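Have a look at the structure below before the remarks.
4 protein chains.
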Amino acid sequence: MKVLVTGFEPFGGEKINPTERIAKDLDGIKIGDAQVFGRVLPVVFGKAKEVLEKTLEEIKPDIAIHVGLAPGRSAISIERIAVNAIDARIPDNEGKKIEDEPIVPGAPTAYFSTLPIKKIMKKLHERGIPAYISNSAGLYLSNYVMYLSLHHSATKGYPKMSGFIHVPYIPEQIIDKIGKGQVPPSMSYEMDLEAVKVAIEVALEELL
Amino acid sequence: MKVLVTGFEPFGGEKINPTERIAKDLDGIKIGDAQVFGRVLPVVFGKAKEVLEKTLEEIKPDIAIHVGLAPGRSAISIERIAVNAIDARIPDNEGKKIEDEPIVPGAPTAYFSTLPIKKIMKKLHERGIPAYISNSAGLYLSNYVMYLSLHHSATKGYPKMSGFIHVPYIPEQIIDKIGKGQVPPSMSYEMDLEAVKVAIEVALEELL
Amino acid sequence: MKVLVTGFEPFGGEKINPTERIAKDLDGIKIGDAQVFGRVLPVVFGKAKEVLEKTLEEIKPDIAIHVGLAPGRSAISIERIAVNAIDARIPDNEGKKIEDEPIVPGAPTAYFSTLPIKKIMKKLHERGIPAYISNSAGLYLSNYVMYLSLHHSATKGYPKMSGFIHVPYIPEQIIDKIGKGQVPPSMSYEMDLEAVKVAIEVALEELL
Amino acid sequence: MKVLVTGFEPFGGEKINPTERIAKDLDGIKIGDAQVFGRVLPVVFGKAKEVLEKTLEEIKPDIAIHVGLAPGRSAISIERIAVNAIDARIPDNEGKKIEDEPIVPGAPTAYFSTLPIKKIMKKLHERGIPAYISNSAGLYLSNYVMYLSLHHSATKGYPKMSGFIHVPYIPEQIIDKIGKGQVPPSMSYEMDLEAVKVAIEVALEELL
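This is the structure:
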């Protein structure tokens with residue numbers, strides 16, 4: 001049993017992206033006899049697809065849990081759906097701002113996450129971790145990778161389960177925001193890491 | 001050198017108030033040779049004044065740091081001013097909803113906190129703790145105690161420094177909020193506790 | 001050329017739903033030689049489908065613009081996608097709270113709105129009307145009708161264009177909210193009405 | 001009976017300030033036999049004080065209602081208190097960003113508005129105008145003028161009543177905000193103007 005967890009590099013002017021550390025912290029660990037692989041993806045259209053595809057083909061995980069930062073969100077959010085569209089509010093790390101363009105021409109308009117999202121949310125709550133189901137992962141890189149992963153599952157047969165989890169800013173990222181005229185919500189890195197571990201465990205238990 | 005830290009009991013239907021635990025956790029500890037006393041106050045007009053007055057007279061602290069819960073706030077907030085007014089949006093724990101009434105008839109319309117609020121905010125930031133200066137502690141029990149404490153200082157000569165710190169909901173308090181149609185910001189109890197300890201240390205260093 | 005505009009009846013305890021008036025105000029009007037029909041839909045699962053289906057079959061509009069109230073939103077929002085799922089945060093007007101259930105079993109996971117959403121947004125901006133593209137119409141009745149309308153288009157060939165527009169609370173709906181501990185954003189009814197008229201005109205110009 | 005209404009010039013990069021038009025629109029009008037004077041103030045520390053002082057001495061109004069723009073607020077807000085402090089989050093129109101400095105050294109820490117704020121709020125509600133009581137007018141120019149006006153009343157005996165009213169962005173100011181990654185609340189200029197007229201009428205009726 002193999003699990004792939006991905007995170008993203010910093011973007012949008014931020015010095016850090018907490019999901020990058022999550023991926024690195026979880027890489028190489030084992031939950032039961034399941035092997036976990038952690039990989040960081042670039043916040044760049046096209047290149048992110050190349051890396052994701054190569055990683056999926058290399059590892060061939062049974063479960064894929066893609067993690068990303070969601071500025072402004074106040075709790076852990078589990079994405080219910082991936083949409084076949086790109087409409088960036090901001091450009092990617094290479095200055096590309098793609099608007100109204102499909103991710104995969106001719107492919108389904110959307111894919112539902114195949115992770116047991118409701119069970120994951122329930123377990124997180126039991127652990128005192130606020131979490132909810134998000135109905136839009138945006139139309140930037142998070143949705144981009146979420147869709148491609150689910151499409152890979154639908155066309156290649158693996159991973160069996162795929163989904164996306166967004167985390168809020170971590171406290172240290174809020175400091176420079178103060179004075180700039182706003183105080184966005186934040187959540188500790190420790191809670192985020194535990195949340196992802198819980199998601200993996202629940203997904204695994206689901207696959208038996 | 002003596003420091004008094006207060007917290008509040010649960011109110012507004014909440015099962016817990018994180019500041020109650022903060023007070024209990026800090027009671028009896030020492031920062032350097034300074035003795036810290038932690039006391040919990042009732043969320044009841046009148047009675048809260050009795051308890052506060054008695055506590056202040058009993059301990060005669062050099063520094064008083066009153067802590068409270070601020071539902072909806074996203075980071076640690078240090079109150080800049082206490083206002084001589086009561087206008088409760090909700091009733092206190094005994095069903096009393098006082099509207100447009102002074103706290104102390106004839107006393108000053110307001111008192112500025114005497115804690116080194118800017119230095120405290122700066123130190124918190126250096127510790128990676130998001131914090132900002134609040135210009136209104138509301139007109140409920142937090143402001144009530146903040147004003148009475150500062151008034152005590154002005155009329156009795158002690159405590160030398162007095163102020164108020166509000167903390168966001170802690171994560172576990174958000175669980176039942178989910179589904180109710182909203183996900184308020186939250187901050188870990190551990191961060192809150194450390195923030196209060198930092199405030200105490202900075203206040204002490206200020207008094208020398 | 002025929003255009004169908006729908007609105008919803010009051011729900012969630014609200015005395016009014018501004019979209020109900022929008023539908024009635026636009027019913028019978030003409031934009032050029034295009035005939036506009038305005039109909040009000042019940043905020044009830046099942047029944048809403050019956051009414052929508054019957055209305056679509058009766059009128060056979062070339063363009064369908066469904067309007068609804070989005071409590072909390074601050075500006076006009078044009079829905080980009082309809083999702084094949086029902087997961088009500090609150091029950092409908094008949095007390096039914098459907099959770100994790102498809103709208104049409106076996107049908108596509110989602111449909112993109114076929115209204116020229118970007119052009120509509122642009123024209124609204126030129127008119128000084130704040131508007132943006134929403135990537136989730138929720139999973140309540142608004143999404144329910146949006147999906148069914150787009151599904152009707154895909155399977156029956158009409159309407160040629162279908163989409164959904166959400167409007168904020170109108171000012172009068174905020175009054176009772178004040179004191180309840182919150183002041184949600186609002187937008188004038190007049191602006192909402194004009195926004196819908198603009199959307200219709202742009203959609204029509206698109207069909208030529 | 002004379003009434004002075006003030007507004008502010010554009011600031012913070014905005015092309016307009018709706019309160020500037022409010023002042024000009026109300027200048028010269030009469031409510032009953034009361035004469036209303038409308039004046040625009042610069043968003044500049046020091047200079048704003050000069051203009052305010054000169055205006056107050058020139059007109060010697062019985063009632064002074066200062067109006068300002070509050071970016072982000074969703075409804076009309078009536079300020080309850082003015083604070084003797086300056087701590088600008090942004091610089092004024094001349095690049096001056098004053099931090100932790102009193103407005104009037106030695107003067108009271110704060111002054112309560114002498115306008116019948118609760119009655120004004122009630123009348124606005126009866127007119128279908130969402131409005132609430134604000135407990136902080138910020139520590140920028142709005143608070144600056146509010147405090148100086150109330151201080152003038154306390155030391156000079158006039159105006160008899162003084163207060164501050166903040167209005168949200170008007171819709172047209174939101175357009176350029178869209179895409180920038182946020183849609184702030186807004187309220188029509190017409191509603192703002194009526195709200196100020198209502199405040200004046202209620203204040204006048206209070207003075208008899």
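Protein chains in written order, with PDB author numbering: chain C, 1 to 208; chain A, 1 to 208; chain B, 1 to 208; chain D, 1 to 208. No residue lacks a Cβ here, since even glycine has one placed at the ideal position from N, Cα and C.
CA-to-CA distance, residue j to residue i, given in whole angstroms
{"i": "B/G181", "j": "B/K15", "result": "19 Å"}
{"i": "A/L139", "j": "B/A82", "result": "45 Å"}
{"i": "C/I76", "j": "C/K24", "result": "19 Å"}
{"i": "B/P116", "j": "B/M187", "result": "23 Å"}
{"i": "C/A85", "j": "C/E79", "result": "15 Å"}
{"i": "B/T114", "j": "B/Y158", "result": "11 Å"}
{"i": "B/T6", "j": "B/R127", "result": "23 Å"}
{"i": "A/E194", "j": "A/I170", "result": "14 Å"}
{"i": "A/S149", "j": "C/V202", "result": "50 Å"}
{"i": "C/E205", "j": "C/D62", "result": "12 Å"}
{"i": "B/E20", "j": "B/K60", "result": "21 Å"}
{"i": "A/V183", "j": "C/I120", "result": "17 Å"}
{"i": "B/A107", "j": "C/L124", "result": "32 Å"}
{"i": "residue 267 of chain A", "j": "A/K96", "result": "Lying outside 1 to 208, the shown extent of chain A, residue 267 of chain A is not represented and no answer is given."}
{"i": "D/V196", "j": "D/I165", "result": "8 Å"}
{"i": "C/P102", "j": "C/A88", "result": "12 Å"}
{"i": "A/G179", "j": "A/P168", "result": "19 Å"}
{"i": "A/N135", "j": "D/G68", "result": "18 Å"}
{"i": "C/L4", "j": "A/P185", "result": "30 Å"}
{"i": "B/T109", "j": "D/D92", "result": "52 Å"}
{"i": "A/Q173", "j": "A/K118", "result": "29 Å"}
{"i": "D/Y111", "j": "D/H66", "result": "15 Å"}
{"i": "C/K122", "j": "A/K54", "result": "46 Å"}
{"i": "B/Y132", "j": "B/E190", "result": "18 Å"}
{"i": "C/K49", "j": "C/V198", "result": "26 Å"}
{"i": "D/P130", "j": "D/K2", "result": "27 Å"}
{"i": "C/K47", "j": "B/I98", "result": "41 Å"}
{"i": "D/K160", "j": "D/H152", "result": "10 Å"}
{"i": "C/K30", "j": "C/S74", "result": "29 Å"}
{"i": "B/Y144", "j": "C/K156", "result": "32 Å"}
{"i": "D/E94", "j": "C/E94", "result": "37 Å"}
Assumed close pair residue i, residue j - CB separation to whole angstroms, cut-off 8 Å
{"i": "C/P18", "j": "C/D192", "result": "6 Å"}
{"i": "D/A137", "j": "D/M146", "result": "5 Å"}
{"i": "A/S142", "j": "A/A64", "result": "About 14 Å; that fails the 8 Å criterion."}
{"i": "C/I200", "j": "C/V36", "result": "7 Å"}
{"i": "A/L26", "j": "A/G38", "result": "4 Å"}
Residue i: CB within 7 Å of a non-hydrogen atom of the ligand NAD
{"i": "A/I29", "result": "Among the ligands in the structure shown, none appear at all, so the ligand NAD cannot be discussed."}
Local Cβ density within 10 Å of residue i, reported as buried at 16 or more and exposed below that
{"i": "residue 215 of chain A", "result": "Since the first residue of chain A shown is 1 and the last is 208, residue 215 of chain A is not available in this structure."}
{"i": "C/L208", "result": "exposed"}
{"i": "B/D176", "result": "exposed"}
{"i": "C/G28", "result": "exposed"}
{"i": "A/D33", "result": "exposed"}
{"i": "C/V104", "result": "exposed"}
{"i": "B/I22", "result": "buried"}
{"i": "B/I90", "result": "exposed"}
Beta-carbon neighbours of residue i, restricted to chain E and to distances below 8 Å
{"i": "A/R89", "result": "The structure shown has no chain E; the protein chains it does contain are C, A, B and D."}
Continuous alpha helix (DSSP H) assignments of at least 4 residues falling wholly in the stretch 103–136 of chain B: 117–126
If contact is defined by three or more beta carbon pairs under 8 Å, each pair taking one atom from either stretch, is the stretch 35–49 of chain A in contact with the stretch 5–23 of chain A? yes
Return the chain-ordered ranges of every alpha helix (DSSP H) run that is complete within the stretch 36–113 of chain B and spans a minimum of 4 residues. 47–59
Entirely within the stretch 146–190 of chain B and at least 3 residues each: give me those beta strand (DSSP E) ranges in chain order. 161–167
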